[PDB]
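Coordinates in review
The chain contents come next:
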Amino acid sequence: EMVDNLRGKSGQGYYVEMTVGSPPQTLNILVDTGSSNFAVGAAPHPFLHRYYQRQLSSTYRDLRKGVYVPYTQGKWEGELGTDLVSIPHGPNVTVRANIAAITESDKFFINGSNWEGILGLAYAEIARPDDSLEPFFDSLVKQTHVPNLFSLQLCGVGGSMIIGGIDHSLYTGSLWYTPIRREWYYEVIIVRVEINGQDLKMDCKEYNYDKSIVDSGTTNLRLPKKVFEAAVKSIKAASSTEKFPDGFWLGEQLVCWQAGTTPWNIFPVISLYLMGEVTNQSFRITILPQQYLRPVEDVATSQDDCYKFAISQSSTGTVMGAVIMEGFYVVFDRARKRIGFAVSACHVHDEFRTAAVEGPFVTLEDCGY
Ligand SMILES: COc1cccc(-c2cccc([C@H](NC(=N)N)c3ccncc3)c2)c1
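Conventions adopted
- Residues numbered from 1 in each chain as written, not as in the entry; some residues may be left out.
- Heavy atoms only, no water.
- Helix = DSSP H or I, 4+ residues; strand = E, 2+ residues; numbered from the N terminus.
- Rg over C-alpha atoms; globule rule 2.2 N^0.38 Å.
- Buried < 20%, exposed > 50% of the residue type's maximum accessible area, 1.4 Å probe, protein only.
- Areas by Shrake-Rupley, 256 points an atom, 1.4 Å probe, with all protein chains shown as cover.
- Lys, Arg positive; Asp, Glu negative; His and termini not counted.
- Charge placed at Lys NZ, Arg CZ, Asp CG, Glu CD.
- Near = heavy atom within 4 Å.
- Polar contact = N/O pair within 3.5 Å; in protein donor to acceptor, adjacent residues only side chain to side chain.
- 1 Å grid on protein atoms, 1.4 Å probe; cavity = no way out; pocket = protein on both sides within 12 Å on 5 of 7 lines; lining within 4 Å.
- Sits in = over half its atoms within 2 Å of the grid points.
- Nonpolar A, V, L, I, M, F, W, Y, C, P; charged D, E, K, R; others polar.
- Pairing = 2+ DSSP bridges.
- Axes fitted to C-alpha atoms, helices over the stretch in contact; angles between N-to-C directions.
- Domains from an automatic or database assignment.
- Contact = heavy atoms within 4.5 Å.
- Buried area = accessible area lost by both parts, 1.4 Å probe.
- Salt bridge = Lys/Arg side-chain N within 4 Å of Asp/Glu carboxyl O.
- Arc of directions from axis to C-beta.

Turning our attention to the overall build of the chain. Scanning the chain from terminus to terminus reveals 5 helices and 26 strands. Taken over the C-alpha trace, the chain has a radius of gyration of 20 Å; the compact-globule value for 369 residues is 21 Å, and the two agree within 12%. The 369 residues of the chain split such that 55% are buried. Accessible area for the chain stands at about 16400 Å²; split by element, carbon and sulfur atoms hold 48% of it. Considering the chain, the positive charge centre built from 32 side chains and the negative charge centre built from 41 side chains are found 4 Å apart.

As structure tokens, then:
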């Protein structure tokens, strides 16, 4: 019943249907592992099909507290309250949770994304205005007998969010676990990066400057400047039979090929080696160009297949975004403070290569900041 409960894409976000208030008001909500507030549009907007009308809910309680969230690309603001919340294609429960009613925003809502709010699945440490605001998943666990775990199968129906468990039909092979370094974002540690089997040969701390996170609310694989520049150099060298505009590598412009002729074989695989559950042991997640080249669907360019390079520079650490998660079944095992990865039953691949999750690997220094 929870299988296939997500819709959406890496570019615009994956979403789950939710209900807020009594009588319930149906809303589409972005599944965001990179934030911790349950924040919903609560006032009309040109990009919103519907919104939260607190006046219609008898169960709404005003917390008499404002919330202002300016971020690098834009802002959201509104006010805090609590109300009854349910996930129609999730667990069979109703919980009372904190809700940030978004009354004003700048570059937050996306035209045609089909979502009206965000379900921030990360920890209280990063909740706004401060850490006393209990995130949704914490309320769900405290109030019910739902196990403290959730899993995400993002399929480039658009995917599945399994609350309280792991669904075996969603993956193949083994689940490999990386520890959650600190409970704020879903922070992890990358120990090694290879591009077409070639080690980038950087000190492993470089990969996690200043943190590395698993974020369903970011499109791209985002890398620290030093790592990004080496990655681009290695991908350029492997795909040298074709020369693309510099705007392509900057994730600014599209690369197009006649429909059905994308030369997948000229692009390398990228392996991210994640820290294992035991000392100096690791496992690798392998990404194909089918993951790092994000198609941009547009009827006007439809004689071709056009893509954006979905690897970009970060000044805030590594972000394993939606394009990376698309290759795998990702278990957020909060109860055991660990993140599991397994090959997704829905990942996009070809007759030559498959995305992989494999290990163990042995190295004989700490890779964290
Ligand atoms: C791949 O999914 C996507 C795609 C497109 C947009 C968004 C998205 C839209 C708005 C905000 C966020 C954004 N979430 C991030 N995790 N970066 C956020 C920022 C501040 N407060 C809460 C959440 C993310 C998420």
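Before going further, it helps to spend a moment on the site of the ligand. In the vicinity of the ligand, 19 residues are found, and the nearest of them are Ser10, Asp32, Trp76, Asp215 and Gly217. In the environment of the ligand, a nitrogen atom lies 3.0 Å from a nitrogen or oxygen atom belonging to the side chain of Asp215. Within the backbone of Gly217, an N or O atom sits 3.4 Å from a nitrogen atom of the ligand. Surface burial for the ligand is 81%, taken as the share of its 560 Å² of free accessible area covered by protein chains. Counting atoms within 2 Å of the grid points, the majority share of the ligand lands in the largest pocket. A breakdown of the residues in the shell around the ligand according to their chemical character gives 7 nonpolar, 10 polar and 2 charged.

Spatial strand order, β17-β21-β20: 3 strands in an open sheet with antiparallel pairing. The open sheet has two edge strands, β17 (255-258) and β20 (293-295), and neither has a second partner. For this sheet, the mean inter-axis angle between neighbouring strands, taken without regard to orientation, is 35 degrees. With 3 bridges connecting them, β20 and strand β21 (residues 304-309) associate as antiparallel partners. For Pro295, the partnering residue across the bridge sits in β21 and is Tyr307.

Per the domain assignment, the segments making up the chain are domain 1 (14-146) and domain 2 (147-369). One C-alpha centre belongs to domain 1, the other to domain 2; they are set 28 Å apart. Taken together, the contact pairs 19 residues of domain 1 with 26 residues of domain 2. Approximately 2000 Å² of surface area, both sides summed, lies buried where domain 1 meets domain 2, with 63% of it carried by carbon and sulfur atoms. Ranking the residues of domain 1 by area buried against domain 2 places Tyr14, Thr33 and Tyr123 at the top, with a combined share of 40%. Our count for the domain 1 to domain 2 interface comes out at 2 salt bridges. For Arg182, the salt bridge goes to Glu125, with nearest N and O atoms at 2.6 Å. The interface formed by domain 1 and domain 2 holds 12 residue pairs in polar contact in total.

Ordered in space as β14-β13-β18-β19-β26, the 5 strands form an open sheet in which the pairing is antiparallel. Each end of this open sheet is capped by a strand with a single partner; those strands are β14 (198-199) and β26 (356-362). Pairing geometry for strand β13 (residues 190-195) and β14, over 2 bridges, is antiparallel. Residue pairing across strands places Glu194 opposite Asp199, the latter belonging to β14.

Along the chain, the position of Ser57 falls in the loop between β4 (38-41) and β5 (61-70). A distance of 2.7 Å separates the side chain of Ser57 from the side chain of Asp83, its partner in a polar contact. Once residues within four sequence positions are removed from consideration, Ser57 is found in contact with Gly21, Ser22, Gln25 and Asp83.

Turning next to helix α1 (residues 136-143). Buried within α1 we find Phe136, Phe137, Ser139 and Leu140. Down the axis, α1 shows its buried residues gathered within 160 degrees of arc, on one side only.

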